[PDB]
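File shown: data29.pdb. Contents: PDB, C-alpha atoms (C1' of nucleotides).
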MODEL        1
ATOM      1  CA  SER H   1     -39.217 -42.135  64.346
ATOM      2  CA  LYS H   2     -40.527 -38.838  65.677
ATOM      3  CA  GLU H   3     -41.454 -39.708  69.258
ATOM      4  CA  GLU H   4     -37.871 -41.033  69.542
ATOM      5  CA  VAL H   5     -36.297 -37.915  67.970
ATOM      6  CA  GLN H   6     -38.034 -35.242  70.084
ATOM      7  CA  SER H   7     -36.209 -37.057  72.907
ATOM      8  CA  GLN H   8     -32.832 -37.080  71.104
ATOM      9  CA  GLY H   9     -32.774 -33.372  71.910
ATOM     10  CA  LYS H  10     -33.243 -31.060  68.955
ATOM     11  CA  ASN H  11     -29.567 -30.665  67.935
ATOM     12  CA  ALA H  12     -28.766 -34.369  68.154
ATOM     13  CA  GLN H  13     -25.342 -34.817  66.565
ATOM     14  CA  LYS H  14     -25.068 -38.604  66.683
ATOM     15  CA  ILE H  15     -27.808 -40.802  65.210
ATOM     16  CA  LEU H  16     -28.385 -44.466  64.306
ATOM     17  CA  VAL H  17     -29.539 -45.639  60.871
ATOM     18  CA  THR H  18     -31.351 -48.816  59.823
ATOM     19  CA  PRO H  19     -30.207 -50.405  56.532
ATOM     20  CA  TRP H  20     -32.499 -52.038  53.967
ATOM     21  CA  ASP H  21     -31.077 -55.568  53.731
ATOM     22  CA  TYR H  22     -30.886 -57.737  56.851
ATOM     23  CA  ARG H  23     -27.259 -58.602  56.031
ATOM     24  CA  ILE H  24     -25.814 -55.259  57.159
ATOM     25  CA  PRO H  25     -25.191 -53.893  60.692
ATOM     26  CA  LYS H  26     -26.403 -50.485  61.864
ATOM     27  CA  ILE H  27     -24.236 -47.430  61.285
ATOM     28  CA  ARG H  28     -23.298 -44.473  63.506
ATOM     29  CA  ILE H  29     -23.402 -41.116  61.693
ATOM     30  CA  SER H  30     -23.616 -37.458  62.702
ATOM     31  CA  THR H  31     -26.200 -35.216  61.034
ATOM     32  CA  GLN H  32     -28.498 -32.308  61.884
ATOM     33  CA  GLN H  33     -31.658 -32.815  59.832
ATOM     34  CA  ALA H  34     -33.200 -35.950  61.354
ATOM     35  CA  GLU H  35     -36.461 -34.235  62.319
ATOM     36  CA  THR H  36     -37.357 -33.274  58.729
ATOM     37  CA  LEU H  37     -36.355 -36.373  56.728
ATOM     38  CA  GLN H  38     -38.548 -39.016  58.350
ATOM     39  CA  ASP H  39     -40.355 -39.857  55.088
ATOM     40  CA  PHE H  40     -37.390 -40.415  52.762
ATOM     41  CA  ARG H  41     -34.787 -43.008  51.886
ATOM     42  CA  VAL H  42     -31.226 -41.699  52.198
ATOM     43  CA  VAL H  43     -27.710 -42.944  51.376
ATOM     44  CA  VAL H  44     -24.621 -43.243  53.589
ATOM     45  CA  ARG H  45     -21.095 -44.654  53.374
ATOM     46  CA  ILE H  46     -18.468 -46.073  55.746
ATOM     47  CA  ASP H  47     -15.100 -44.592  56.732
ATOM     48  CA  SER H  48     -13.740 -46.660  59.630
ATOM     49  CA  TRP H  49     -14.846 -49.508  61.884
ATOM     50  CA  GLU H  50     -13.768 -48.585  65.421
ATOM     51  CA  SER H  51     -13.578 -50.947  68.380
ATOM     52  CA  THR H  52     -14.525 -48.510  71.130
ATOM     53  CA  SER H  53     -17.885 -48.602  69.299
ATOM     54  CA  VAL H  54     -19.985 -51.675  68.582
ATOM     55  CA  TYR H  55     -20.886 -50.158  65.202
ATOM     56  CA  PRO H  56     -19.025 -48.800  62.143
ATOM     57  CA  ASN H  57     -18.789 -45.069  61.417
ATOM     58  CA  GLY H  58     -20.199 -43.296  58.387
ATOM     59  CA  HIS H  59     -21.272 -40.060  56.702
ATOM     60  CA  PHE H  60     -24.353 -38.999  54.724
ATOM     61  CA  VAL H  61     -23.961 -39.045  50.929
ATOM     62  CA  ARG H  62     -27.077 -37.954  49.016
ATOM     63  CA  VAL H  63     -30.863 -37.992  49.195
ATOM     64  CA  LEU H  64     -33.099 -40.629  47.562
ATOM     65  CA  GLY H  65     -36.781 -40.950  46.738
ATOM     66  CA  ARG H  66     -39.842 -41.104  48.949
ATOM     67  CA  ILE H  67     -41.237 -44.074  50.902
ATOM     68  CA  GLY H  68     -44.685 -44.710  49.449
ATOM     69  CA  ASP H  69     -44.308 -43.764  45.787
ATOM     70  CA  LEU H  70     -43.046 -46.290  43.232
ATOM     71  CA  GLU H  71     -40.098 -44.092  42.259
TER
ATOM     72  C1'   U N   1     -39.348  78.075  75.285
ATOM     73  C1'   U N   2     -36.607  71.061  76.125
ATOM     74  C1'   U N   3     -29.520  71.242  74.177
ATOM     75  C1'   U N   4     -24.746  67.381  74.254
ATOM     76  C1'   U N   5     -22.761  62.236  74.229
ATOM     77  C1'   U N   6     -22.608  56.874  75.121
ATOM     78  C1'   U N   7     -17.001  51.621  69.311
ATOM     79  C1'   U N   8     -18.457  46.169  67.205
ATOM     80  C1'   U N   9     -21.019  40.128  64.108
ATOM     81  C1'   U N  10     -13.518  34.209  67.409
ATOM     82  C1'   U N  11      -8.131  34.569  65.648
ATOM     83  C1'   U N  12      -6.037  29.867  62.838
ATOM     84  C1'   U N  13      -5.053  25.923  58.977
ATOM     85  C1'   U N  14      -0.313  23.661  53.514
ATOM     86  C1'   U N  15      -2.238  16.140  59.106
ATOM     87  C1'   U N  16       1.610  10.484  59.122
ATOM     88  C1'   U N  17      -0.569   5.396  59.373
ATOM     89  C1'   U N  18       2.892  -0.866  56.385
ATOM     90  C1'   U N  19      -4.310  -5.761  57.106
ATOM     91  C1'   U N  20      -7.740 -10.399  55.467
ATOM     92  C1'   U N  21     -13.119 -16.205  55.576
ATOM     93  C1'   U N  22     -13.804 -18.544  60.351
ATOM     94  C1'   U N  23     -13.233 -18.210  65.702
ATOM     95  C1'   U N  24     -15.152 -22.596  71.103
ATOM     96  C1'   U N  25     -17.725 -29.380  73.379
ATOM     97  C1'   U N  26     -22.272 -33.271  74.846
ATOM     98  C1'   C N  27     -21.939 -40.112  76.405
ATOM     99  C1'   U N  28     -22.762 -45.674  75.778
ATOM    100  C1'   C N  29     -26.797 -47.502  72.334
ATOM    101  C1'   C N  30     -30.815 -56.237  71.786
ATOM    102  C1'   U N  31     -32.488 -55.078  63.694
ATOM    103  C1'   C N  32     -37.759 -61.474  65.786
ATOM    104  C1'   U N  33     -37.987 -66.988  63.008
ATOM    105  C1'   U N  34     -39.462 -72.328  56.042
ATOM    106  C1'   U N  35     -34.079 -72.799  54.595
ATOM    107  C1'   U N  36     -29.878 -74.664  52.319
ATOM    108  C1'   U N  37     -28.625 -69.749  49.648
ATOM    109  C1'   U N  38     -31.691 -70.254  43.774
ATOM    110  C1'   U N  39     -28.664 -70.498  39.267
ATOM    111  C1'   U N  40     -29.056 -74.475  32.366
ATOM    112  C1'   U N  41     -32.670 -72.945  28.764
ATOM    113  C1'   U N  42     -35.296 -69.466  24.935
ATOM    114  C1'   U N  43     -37.925 -65.417  23.189
ATOM    115  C1'   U N  44     -35.831 -57.738  24.758
TER
ENDMDL
END
How does the structure come out when it is put into structure tokens?
Amino acid sequence: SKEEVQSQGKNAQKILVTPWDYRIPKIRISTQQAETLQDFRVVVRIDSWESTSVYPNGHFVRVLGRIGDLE
RNA sequence: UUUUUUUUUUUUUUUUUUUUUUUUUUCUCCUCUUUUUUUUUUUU
């Protein structure tokens, strides 16, 4: 959310993402558009689970629809 | 009744070349609660 992105900096490489089913952990990915996609569902993938992190790594894949409209 | 003389616009042209997007950082990060997980069946 915004008030916790304006504090990430404004060129915040690393970011944390919240999945949609409770069965999945959170994923560590690096992007540079977080401050203009805060009203959209997105898609990510997974490349490697690393042990010096508590989370698994990923990378953005493609955009999805908008949170609020049926589509 | 007032003669004679005091030069002028720098000279030159017939020289070789075998490279190549960019370029250089920012850390670890507590996801709250009825559950085992339901399940045949038929009309698309």
Would you write out, as a ChimeraX atom specification, every residue that the PyMOL selection byres ((chain N) within 10 of (chain H)) captures in this file?
-> /N:26,28-29,31
Review point. What is the CA of residue 8 (chain H) to CA of residue 64 (chain H) distance in Å?
Key: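 Taking CA of residue 8 (chain H) as the start and CA of residue 64 (chain H) as the end point, the length is 23.8 Å.
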| task | Could you tell me which residues the PyMOL selection byres ((chain H and resi 61-63) around 10) grabs in this file, written as a list in words? | result | residues 37, 40, 41, 42, 43, 44, 45, 58, 59, 60, 64, 65 and 66 of chain H
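Coordinates place CA of residue 11 (chain H) at a distance of 14.8 Å from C1' of residue 27 (chain N).
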Quick check, in Å to one decimal: how far apart do CA of residue 29 (chain H) and CA of residue 17 (chain H) lie?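 These two atoms are separated by 7.7 Å.
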**Item:** Selected residue of minimal separation from residue 50 (chain H) among H:27, H:5, H:67, H:34, counting only C-alpha atoms
**Value:**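 Checking each of H:27, H:5, H:67, H:34 against residue 50 (chain H), counting only C-alpha atoms, the winner is H:27.
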What are the centre and the three edge lengths of an axis-aligned box that wraps all atoms of region 9-28 of chain N in the file, given that 3 Å is added to every side, written as AutoDock Vina command-line options and rounded to one decimal in Å?
--center_x -9.9 --center_y -2.8 --center_z 65.0 --size_x 31.7 --size_y 91.8 --size_z 28.9
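The residues caught by the PyMOL selection byres ((chain H and resi 2) around 12) in this file are residues 1, 3, 4, 5, 6, 7, 8, 9, 10, 34, 35, 36, 37, 38 and 39 of chain H.
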Write the residues of the selection above to a file with C-alpha atoms, as a PDB file, in the coordinates of the input.
ATOM      1  CA  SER H   1     -39.217 -42.135  64.346  1.00  0.00           C
ATOM      2  CA  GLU H   3     -41.454 -39.708  69.258  1.00  0.00           C
ATOM      3  CA  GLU H   4     -37.871 -41.033  69.542  1.00  0.00           C
ATOM      4  CA  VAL H   5     -36.297 -37.915  67.970  1.00  0.00           C
ATOM      5  CA  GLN H   6     -38.034 -35.242  70.084  1.00  0.00           C
ATOM      6  CA  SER H   7     -36.209 -37.057  72.907  1.00  0.00           C
ATOM      7  CA  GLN H   8     -32.832 -37.080  71.104  1.00  0.00           C
ATOM      8  CA  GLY H   9     -32.774 -33.372  71.910  1.00  0.00           C
ATOM      9  CA  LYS H  10     -33.243 -31.060  68.955  1.00  0.00           C
ATOM     10  CA  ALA H  34     -33.200 -35.950  61.354  1.00  0.00           C
ATOM     11  CA  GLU H  35     -36.461 -34.235  62.319  1.00  0.00           C
ATOM     12  CA  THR H  36     -37.357 -33.274  58.729  1.00  0.00           C
ATOM     13  CA  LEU H  37     -36.355 -36.373  56.728  1.00  0.00           C
ATOM     14  CA  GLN H  38     -38.548 -39.016  58.350  1.00  0.00           C
ATOM     15  CA  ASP H  39     -40.355 -39.857  55.088  1.00  0.00           C
TER      16      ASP H  39
END
